[PDB]
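Q: Opening piece of the complex, as it sits:
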Amino acid sequence: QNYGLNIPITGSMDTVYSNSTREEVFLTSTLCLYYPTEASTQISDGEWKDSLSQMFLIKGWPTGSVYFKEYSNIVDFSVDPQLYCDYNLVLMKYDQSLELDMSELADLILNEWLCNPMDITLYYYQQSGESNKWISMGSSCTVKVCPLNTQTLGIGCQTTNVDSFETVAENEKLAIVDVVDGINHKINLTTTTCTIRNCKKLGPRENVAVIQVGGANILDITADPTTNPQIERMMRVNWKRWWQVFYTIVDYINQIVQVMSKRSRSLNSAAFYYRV
Amino acid sequence: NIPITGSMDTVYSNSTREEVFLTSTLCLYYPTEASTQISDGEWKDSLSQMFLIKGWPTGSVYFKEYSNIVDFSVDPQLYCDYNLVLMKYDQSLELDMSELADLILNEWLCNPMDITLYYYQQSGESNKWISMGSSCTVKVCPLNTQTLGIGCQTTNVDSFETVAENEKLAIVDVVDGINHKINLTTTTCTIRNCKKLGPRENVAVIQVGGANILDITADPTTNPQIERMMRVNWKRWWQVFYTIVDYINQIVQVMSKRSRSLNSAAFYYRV
Amino acid sequence: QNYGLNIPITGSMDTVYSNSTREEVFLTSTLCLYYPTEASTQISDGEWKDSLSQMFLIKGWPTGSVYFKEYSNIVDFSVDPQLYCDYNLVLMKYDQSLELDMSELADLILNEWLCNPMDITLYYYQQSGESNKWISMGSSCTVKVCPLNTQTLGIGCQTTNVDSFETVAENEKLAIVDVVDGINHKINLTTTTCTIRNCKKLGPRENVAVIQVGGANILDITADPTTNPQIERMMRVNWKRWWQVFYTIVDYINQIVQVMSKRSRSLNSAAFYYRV
Amino acid sequence: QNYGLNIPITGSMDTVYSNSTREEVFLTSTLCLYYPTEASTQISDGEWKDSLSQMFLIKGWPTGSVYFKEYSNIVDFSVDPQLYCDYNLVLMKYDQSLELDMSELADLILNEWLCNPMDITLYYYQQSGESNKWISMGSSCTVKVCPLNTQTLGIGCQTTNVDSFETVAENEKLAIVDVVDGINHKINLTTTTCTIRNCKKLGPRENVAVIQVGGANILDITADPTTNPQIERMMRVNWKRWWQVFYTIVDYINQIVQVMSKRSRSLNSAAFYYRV
Amino acid sequence: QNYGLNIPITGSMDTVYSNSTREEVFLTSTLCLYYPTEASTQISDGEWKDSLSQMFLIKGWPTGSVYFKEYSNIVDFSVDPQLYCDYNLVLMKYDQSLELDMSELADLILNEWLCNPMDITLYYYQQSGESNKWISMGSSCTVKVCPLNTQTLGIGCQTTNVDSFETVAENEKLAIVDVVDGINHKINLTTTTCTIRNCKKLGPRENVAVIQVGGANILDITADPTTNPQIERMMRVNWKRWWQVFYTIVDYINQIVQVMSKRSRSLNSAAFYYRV
């Protein structure tokens, strides 16, 4: 049996609101932070995890519910970001020249992706439509594509001479690459380090929220240029002191989780649905 | 303070722009960089004569130089009836500019704090602590219910956790409902327990440089863009001032008169 | 060629009509991409225009429809910009301190301007209303303005001592200068090199869509401080490879063109209507 | 005002019609003479500009309304003839061997042209039909076209061998080339000096009027060899002294503007078609 | 498609069946086989992948739809076994003293586990009920649990002495440890080389079936001592030759897939519950 997917739910416009649920969502869910190593370095502590946990307890979350996680930086977190955890808040420090990789990480974790494998050395690969991308993750993802015409001969590049291949993203830990949809391609991607998946983009992973810490709003989650929507799960707070940032988070946690949702969680901590 | 009632079939009154121009005062705050680039000193008078054709009487436009953002943050007075504040944008000044904007655009009602004696909570969302002085260093130790520090010893000061250092202005929010012991530089820096009332309509902030960075709301979820936070693209301060004078009608018409019955006498430039 | 200018149209709401105009003084719609020369330098190619033409053919645009008009950089493109086409795209690589130049160029091309000559030597000049600006164009412009009075005595400046003047812009290829509307101004501007035009702002131009490539939303085309509205033609995209940028534009060209509009085109490729 | 939409105009047949508009055109428009350098040299003067302006004002043009412009000669003026003005007169001295140059200059200016751009080294080009030409302008245009059969193989030429190409205009400053319509072509022309544009002829340009000064009727502007109309805007004079030429023009300036009319495209009524 | 809600379906007990779906499950899914390296060692061949694939095709499975995945052995495969695939079969050569390890692996893979992190260093943990366990995975897991009083004092152990702590699992790759429910515990587990997760037992994972190639029925997936059931997906077979084992698999693959079924959590039906 389905859960009732194709059955309508007749409601009403006079039923009275059921009462609050903040208490129950606190007592069930688990809040969870992803912060850079710079945060701990500037805090210069090591009971700060305990202090923040007790602050969250006073705010109304039971003890074993707030889990802190540490990543070296944005680009290195981008390599297979496994959100091992229920309500995800990714604190993310802005610095120049990280605009694109920061945006790519935000896209990857905010949206749900259905990823299939790709065998680069053997087959050519297209992109079906607007919602499909190629996501390449690893230690050194240099991607060089050669598009083929109707005659299986490359255009602007010969399939034999890899130098003529058009490089589309060099030396990123994560690269979400789009190419014109409907052309076969030959990819030269460094198979020892980097792995590349053909990923469709389903709806939004409406569980993880991204808190930018530095500059102006720049996260273009939608790769299409005509639209730059602003999701309520993309927050932006100025800063000088990481302690002030964490106190702001702890003080306003209720609003943040009210913005986020719990139902959109997956059994796997992976940030995509691998469908072989 | 009373129910005011009025029909919808009332006809419009004549435009009140003339009366507000002939009764109220506009007052600009600009950084000393502006004067330095201008390299003049009859420019104040020339700009006043230039405002006159726009409508303001001879004396109703008042210019008040300030050195820079960090120095203007300390206890900013607003001696006027329509205040414009020009804020140059530059890197690393984002939060200080946002803090100054949060201080002036919003209207705070607030009381003093005796840091050496008591422990101070934060009642709710509105209540912040405003630290102002030559150089503030707000160290805070949060206490458990047993009046013992968590992640800090109430006696030792090193274990305390800095939330703002070497700041001429610091608007700090701590976790609500937790007692706090502050160590704060009693000589240079005073600190005030301040609640956020409605908006201050008397003022308006022209950012002079970059992108949307002002965040008047300390909350992360909401980053609203109110009408009084303008931004203009600058390359010459003369061009900036010409723009402001030419479009003064819209700026003043986006501002509004202050509505808060204060009880603390202060100097105002009313004519 | 409308000349039933005044009399009104009538059109029903509940009916989709199968009758419609079939107007054609064309062969087909034509697209034209302006890009900085550094794009070519990074690409390090020279059949890449042909490859992009082939990929546009894949996306549906006929072969002779897409053109590429290289420009050296934003400031040098600002001097008498030309719209040689029907659907214009302009790629603009953002950099620090180029913000006002970039915004002024975007304002110039995006809006529609009605310009008149300005003989600085003989006459004083004025700005009648808010819609009127002065545009200085040339290889080297240095605008100095001395406002006058009713008595025609300079204020903050002597009418003859040019050094007493006030400089609103210097050493810019393009300068869209607004002065206070109502006061005569005596101008001093380097007549041998830079020209000045007294231009009113008509409605918006639609052939041009501006694809910013770098930083956050900073283009304030509207000289009014209060209003900073992000219209649908000021698109933005993050980047690290010009191949990625161009593939993005090719993939989403249909959305871009259906955001733009062919109708508001002009015979001459000048960015303004010069009425002598 | 319902721009960009053809709307029928219902006109009566017995409404008494308005009074004259000559006062309006004199007190509003701007007359705009173009004369060759030889005229000034023979006149041997240079207050003659002021003298003619006074003699114009006698007949009732405001002082700034008359606007004199000086061009070196026919062939060098024809390159990019930019008639940005309100009521243009163009004096063309006839001499032998300049028949086609004068004819193509008149063809270029008397009619409004919509010019799409061309990229010679990348595409092949066609002519839609009767009204589509290719207009080439520059310091030295030497356009060598050669046609292609349906198999993309040249006829009368080898595509790779430029020596086999069939030159159709050499070393002309302006060349309005018409080739056989419906045949793809490959072009070569000296891209550094001479530019070329695929130009379609719209209706006539009422703004301009060509006074041929010298010999008999030679201006066959219509590229069709059969029709050879003598449009009202192509006037002729017999001359010995440029003073006599200018005196005739000033004395009969009213009739000239009666022949001419305001540029239709420049009107507000043509806002959203090809306004110029 | 009305995801998330639990709507009550309704069906009639007199409707008729539908056509068999055997064709679809062969022609769309992907079969997936895990075997120990000793299999290939005894096979001593190496187009046997192709041979098995062609036999599967004869049974009805397209060529590219059957995957083989050699694993070293049970203990080293149990460390985070990721079955990113569509119809999973896991062969396991039973051996003495690996009874618990094999049963732990079977319990881990044959049921859907919802796992949250566990910060050993900071919190004290608990077990909500019989459906909760702690799975530890790594190169060498040595879990030492110290239960606590109601006043956070250990019983049978001191909270400061890992020597006094009681060892529950020692130096195994996979350890699904259960403890008393309702008693807080303090853990020490070698955090640099063995992660631990607090996991909850959802319904069964039909996607995967286990085949014990060796001895007698021992797999007790249910950690409860009382119930030691025999699930349909826990198959057993005797053996002397790996070729014979694989031929049996291929011959009866339709029956094995009938025993299994598509993962309940891989479908859009389970979208907003715990989809993965």
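A: Cool, the structure landed. Residues are numbered from 1 along each chain as shown, chains lettered A, B, ... in the order given.
Q: How about the strand ranked longest in chain A and chain C, touching?
A: Looking across chain A with DSSP state E, the single longest strand is strand A:132-147. Yes - counting by Cβ under 8 Å from any Cβ of the partner chain, chain C is contacted by strand A:132-147 at residue A:147. Heads up, the C-betas are built off the backbone N, CA and C, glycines and all.
Q: for the helix or strand following that strand, packing partners?
A: Using DSSP states H and E, the helix or strand that directly follows strand A:132-147 along the chain is strand A:166-177. Applying 3 or more Cβ pairs under 8 Å, 6 or more residues apart in numbering or on different chains; DSSP states H and E, we find strand A:166-177 packed against helix A:74-77, helix A:99-110, strand A:132-147, helix C:242-251.
Q: Go ahead and confirm residue A:183 touches residue A:146.
A: No - between residue A:183 and residue A:146 there is no contact under Cβ atoms under 8 Å: 10.2 Å.
Q: ok, the spatially most central residue of chain A - contacts?
A: Nearest to the mean C-alpha position of chain A, counting by Cα atoms, centre = their mean, stands residue A:109 at 1.5 Å. Applying Cβ atoms under 8 Å, 6 or more residues apart in numbering or on different chains, one finds that residue A:109 lies in contact with A:81, A:83, A:88, A:90, A:205, A:208, A:210, A:271.
Q: Let's see that with 6 Å instead.
A: Counting by Cβ atoms under 6 Å, 6 or more residues apart in numbering or on different chains, residue A:109 makes contact with A:81, A:208, A:271.
Q: Spell out which residues of chain A are next to chain C.
A: With Cβ under 6 Å from any Cβ of the partner chain as the criterion, chain A meets chain C at residues A:99-100, A:103, A:155-156, A:166, A:168, A:178-183, A:216, A:218, A:220, A:224-226.
Q: can you add chain F next? sequence is:
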Amino acid sequence: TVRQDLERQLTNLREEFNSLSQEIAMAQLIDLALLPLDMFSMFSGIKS
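A: This next block brings in chain F, placed alongside the chains you saw above:
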């Protein structure tokens, strides 16, 4: 490659056909339906 690669061209044909279905007349389409099209007649209407 992973399959044949004219499905893109078929998709373009579909996109144009769907909009092209509106410009069809009716009264003298029914007579075309009445007429027997055969192998000889069907494909003779190609463009060139």
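Q: Could you re-examine the contacts of residue A:109 with chain F now present?
A: Contacts of residue A:109 were listed using Cβ under 6 Å, 6+ apart, and they are A:81, A:208, A:271.
Q: mind running it again at 8 Å?
A: A:81, A:83, A:88, A:90, A:205, A:208, A:210, A:271.
Q: Dump the residues you listed into CSV; add distance to chain F and neighbour count as well.
A: Output for these, formatted as CSV (distance: Cβ to the nearest Cβ, whole Å; neighbours: other Cβ atoms under 10 Å in any protein chain shown):
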residue, distance to chain F, neighbour count
A:81, 29, 23
A:83, 31, 21
A:88, 35, 26
A:90, 35, 23
A:205, 28, 22
A:208, 33, 25
A:210, 35, 23
A:271, 25, 23
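Q: biggest separation within these, which pair?
A: Put simply, by Cβ to Cβ the two of the contacts of residue A:109 set farthest apart are A:210 and A:271, 12.6 Å from each other.
Q: State the number of residues packed around residue F:32.
A: 9 (other Cβ atoms under 10 Å in any protein chain shown).
Q: what about it, is that helix, strand or coil?
A: Assigned with DSSP: H, G, I helix; E, B strand; the rest coil, residue F:32 falls in the helix class.
Q: For the residue nearest to residue A:61 when sequence neighbours are not counted, give me its contacts.
A: In space, and not counting its chain neighbours, residue A:61 is closest to residue A:26: 5.1 Å by Cβ to Cβ, 6 or more residues apart in numbering or on different chains. Residues near residue A:26 by Cβ under 8 Å, 6+ apart: A:60-62, A:65.
Q: If we use 10 Å, what do you get?
A: Contacts here follow Cβ atoms under 10 Å, 6 or more residues apart in numbering or on different chains; on that basis residue A:26 touches A:56, A:59-62, A:65, A:253-254, A:257.
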